[PDB]
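Undergrad: Here is the sequence, then the experimental structure:
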Protein chains: 2
Amino acid sequence: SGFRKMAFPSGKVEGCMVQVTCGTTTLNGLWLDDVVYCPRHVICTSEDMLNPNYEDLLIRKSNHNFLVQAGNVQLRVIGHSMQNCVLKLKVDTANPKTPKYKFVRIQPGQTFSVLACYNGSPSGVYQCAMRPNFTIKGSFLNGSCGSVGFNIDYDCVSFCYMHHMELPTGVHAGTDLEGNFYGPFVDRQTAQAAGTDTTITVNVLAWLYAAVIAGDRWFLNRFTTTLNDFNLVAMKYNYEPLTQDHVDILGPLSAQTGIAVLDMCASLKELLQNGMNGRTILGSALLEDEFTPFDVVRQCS
Amino acid sequence: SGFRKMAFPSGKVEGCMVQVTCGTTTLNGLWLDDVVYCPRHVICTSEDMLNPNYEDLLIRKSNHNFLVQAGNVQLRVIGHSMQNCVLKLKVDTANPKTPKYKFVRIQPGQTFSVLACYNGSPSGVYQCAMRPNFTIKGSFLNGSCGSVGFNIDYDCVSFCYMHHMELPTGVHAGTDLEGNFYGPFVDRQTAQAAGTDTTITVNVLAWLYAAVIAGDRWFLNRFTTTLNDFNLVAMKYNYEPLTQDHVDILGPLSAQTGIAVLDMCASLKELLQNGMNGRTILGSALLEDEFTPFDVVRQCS
Ligand SMILES: [Cl-]
Ligand code: NA
Ligand code: NA
């Protein structure tokens, strides 16, 4: 019935985005209940950027140093604290649009939607994956620090990501909403780059199952490999190794298609060792790895 | 700096989505002010599939035949009319979440966001384009009819598409919000299929300009072409011809980068004969045609 990279509807998050200014720096904050969450580096001036002491930088800050704007309304900051790399600003008014939400930390290879904002205003929404090297291959420009990534489960918004910085290659790095970085990154203007990335193998298989449910099936073969034998091949092509937990996760698509996982791995192993022979799968010259099994489950039933 | 495919934030449209039921058929409606818009084929039965006489069928319908549900609230229908292929149900309650909006009819090559919905509930958002053959390559499962396409470039939601039906190849056809189909399609189950699709050349060129802005250089060359020689090559690959209007529109991008339009056309001619050869343009081994010159200029600046 058609297949596309889909983001979650962003309305529940749009009602939470506000503008946070400290000094001359302006970025995005997330207004939930009576706290605004944003990257702590909003308190840095030009001199601190090299190696900032965030402990002493925030002691010196006062509540009135933070301008928080929700549209025309200025929210009064009545407290401030720091949780790892995230700044928490207590305001005097709970957000009446606060959705049902929780903070979650995701694993590499999991997907979520980003609501890209600038100066507090939602600009766009896109679906992405946490790469195995803990970067995000989205692109929002400079002013998008504090934009957030999220999933929606039933009616609950799960916030999993906050944008802090762009890396030299144009990929982005950030934290969960408790301020813990994804990846070996620090929120200082120092020498940082993304490690070598790998392909999220479990998502490629999920997407191969999607191509099979779409009737695109030229790649299916009669053969079956072993998990050990497949990982030796995949690890040589900078593919993430495939675990017994990954196999079980794919189970539903296995029983639905009649393609056992290690049967489908024999297909993927030849695509690795042969290339796609000038063909496409689901209209791609390359193998898509930002569809999880659950993304493939939902978008077909 | 990798230009990703972003949708518009969908919250303003989410607040307009309702569920419309006639008999056993449920689909989505668009609730703006005191009117709900939906595909008129909602009034068809299983006998009415091939050759429904919509004016005969609508006359026989009473306001009480229409069940409209906004969440846990039923909206009473107090009138109904037809405008082309779009049913308009007057309701006794104006939608308090009605945004600033307009209805526009778009041209092939134009992009927009789709809020894919099921039983009146928003499910996902994605970005797409009106194909030259007047179809959409989307993801519409059973009951996705009445989902809408929109842009929100400034403050105003411009509604440009309502989904009516899926064609044999799985692409989608629909109308503008005044009920006029895009392309030669009709809301009957008589045999119909999409014509051969072509690539939106002006959008490919905009995307190459965005790659250069992003710092790609590898596909540039020292050649130019004439507009006529380029169109002879382009059509041999089922690319759309480039008009002088297209050359004018690319003018801004030509001047930001210092690369003449017909200079860039020579690069595209070369990419068609050689392929990517392993390389990627803005993280893609396919030439992307669903990013317009306007989209590029926006997500730059
Ligand atoms: Cl247009
Ligand atoms: Na096989
Ligand atoms: Na050239």
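TA: Yep, it's here. Numbers count the residues shown, from 1 in each chain, chains lettered A, B, ... in the order given. Ligands and ions are numbered 1, 2, ... in the order given.

Undergrad: Can you report how many residues lie near the residue of chain A found nearest ligand 1?
TA: Nearest residue of chain A to ligand 1: residue A:124, at 19.1 Å (Cβ to the ion). Bear in mind the C-beta positions are built from the backbone N, C-alpha and C, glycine included. For residue A:124, the neighbour count with other Cβ atoms under 10 Å in any protein chain shown is 27.

Undergrad: go on, residue A:132?
TA: Neighbour tally, residue A:132, other Cβ under 10 Å: 21.

Undergrad: could you list every residue that touches it?
TA: By Cβ atoms under 8 Å, 6 or more residues apart in numbering or on different chains, the residues touching residue A:132 are A:108, A:109, A:197, A:198, A:200, A:240.

Undergrad: Likewise for residue A:231?
TA: Residue A:231 touches A:241, A:242, counting by Cβ under 8 Å, 6+ apart.

Undergrad: Mind telling me what element it is part of?
TA: For residue A:231, the enclosing helix or strand under DSSP states H and E is helix A:227-236.

Undergrad: Which residues belonging to the following helix or strand past that helix are considered buried?
TA: As assigned by DSSP H and E, the chain's next helix or strand after helix A:227-236 is helix A:244-257. The neighbour-count check on helix A:244-257 (16 or more other Cβ atoms under 10 Å in any protein chain shown) flags A:246, A:247, A:249, A:250, A:253, A:254, A:257 as buried.

Undergrad: could you redo the residues you listed as TSV and give each row distance to ligand 2?
TA: Shown next, in TSV, are these (distance: Cβ to the ion, whole Å):
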residue	distance to ligand 2
A:246	17
A:247	15
A:249	19
A:250	14
A:253	14
A:254	12
A:257	11
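
Undergrad: residues from chain A in reach of ligand 2?
TA: A:221, A:223, A:263, A:266 (Cβ under 5 Å from the ion).

Undergrad: List only buried entries from those residues.
TA: A:263, A:266.

Undergrad: show me what contacts the residue of chain A closest to ligand 1?
TA: Applying Cβ under 8 Å, 6+ apart, the residues near residue A:124 are A:115, A:116, A:140, B:6, B:7, B:8, B:9, B:299.

Undergrad: I'd like a version of these in TSV, one that adds distance to residue B:82 and neighbour count as further columns.
TA: Shown next, in TSV, are those (distance: Cβ to Cβ, whole Å; neighbours: other Cβ atoms under 10 Å in any protein chain shown):
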residue	distance to residue B:82	neighbour count
A:115	38	29
A:116	40	26
A:140	43	24
B:6	35	24
B:7	31	27
B:8	29	23
B:9	32	26
B:299	39	19
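
Undergrad: nearest residue to residue A:269 other than its sequence neighbours?
TA: Once flanking residues are discounted, residue A:269 sits nearest to residue A:233: 5.2 Å by Cβ to Cβ, 6 or more residues apart in numbering or on different chains.

Undergrad: That neighbour contacts residue A:270, doesn't it?
TA: No. In terms of Cβ atoms under 8 Å, residue A:233 does not count as a neighbour of residue A:270; the distance is 9.6 Å.

Undergrad: on that earlier part again, which SS class is the residue of chain A closest to ligand 1?
TA: strand (DSSP: H, G, I helix; E, B strand; the rest coil).

Undergrad: Bridged to it, which residues?
TA: Beta-bridge pairing of residue A:124 under DSSP bridges involves residue A:116.

Undergrad: do residue A:74 as well
TA: residue A:69.

Undergrad: Would you confirm that it contacts residue A:68?
TA: Yes. Using Cβ under 8 Å, residue A:74 and residue A:68 qualify as a contacting pair, with a distance of 6.8 Å.

Undergrad: Give me the more crowded residue out of those two.
TA: residue A:68 (21 against 13).

Undergrad: Does that one touch residue A:77 like I think?
TA: Yes. With contact defined as Cβ under 8 Å, residue A:68 reaches residue A:77; the gap is 6.0 Å.

Undergrad: list residues touching both of those two?
TA: Here residue A:68 and residue A:77 have A:36, A:89, A:91 as joint contacts, going by Cβ under 8 Å, 6+ apart.

Undergrad: What ranges does the stretch 101-250 of chain A have for its strands?
TA: Secondary structure of the stretch 101-250 of chain A, counting by DSSP state E, counting those that start in this stretch: strands at A:101-103, A:111-118, A:121-129, A:148-153, A:156-166, A:172-175.

Undergrad: How far does the last one sit from its chain's centre?
TA: Right, the one you point to is strand A:172-175. Computed by Cα atoms, centre = their mean, to the nearest Å, the chain-centroid distance of strand A:172-175 equals 9 Å.

Undergrad: So is that strand next to chain B?
TA: No. Using Cβ under 8 Å from any Cβ of the partner chain, strand A:172-175 stays clear of chain B, with a minimum separation of 9.8 Å.

Undergrad: For that strand, which residues meet the burial criterion?
TA: A:172, A:173, A:174, A:175.

Undergrad: Same check on the third one?
TA: For strand A:121-129, a neighbour-count test (16+ other Cβ under 10 Å) marks A:122, A:123, A:124, A:125, A:126, A:127, A:128, A:129 as buried.

Undergrad: which bits of chain A sit near ligand 1?
TA: Counting by Cβ under 5 Å from the ion, no residue of chain A is near ligand 1.

Undergrad: For chain A, which residues are neighbours of chain B?
TA: A:1-12, A:14-15, A:115-116, A:122-126, A:128, A:137-139, A:141, A:170-171, A:214, A:283-286, A:299-301.

Undergrad: how about 7 Å then?
TA: When proximity is defined by Cβ under 7 Å from any Cβ of the partner chain, chain A lies next to chain B at A:1-11, A:14-15, A:115-116, A:122, A:124-126, A:137-139, A:170, A:284-286, A:299.

Undergrad: from memory residue A:108 sits against residue A:135, does it?
TA: No. With contact defined as Cβ atoms under 7 Å, residue A:108 does not reach residue A:135; the gap is 9.7 Å.

Undergrad: still on that earlier bit, by neighbours, which of the shared contacts of residue A:68 and residue A:77 wins?
TA: residue A:36 (27 neighbours).

Undergrad: what about the closest residue to residue A:86 other than its chain neighbours, distance to residue A:187?
TA: Among residues not flanking residue A:86 along the chain, residue A:179 sits closest, at 3.4 Å (Cβ to Cβ, 6+ apart). According to Cβ to Cβ, to the nearest Å, residue A:179 stands 9 Å off from residue A:187.

Undergrad: Thanks a lot, catch you later.
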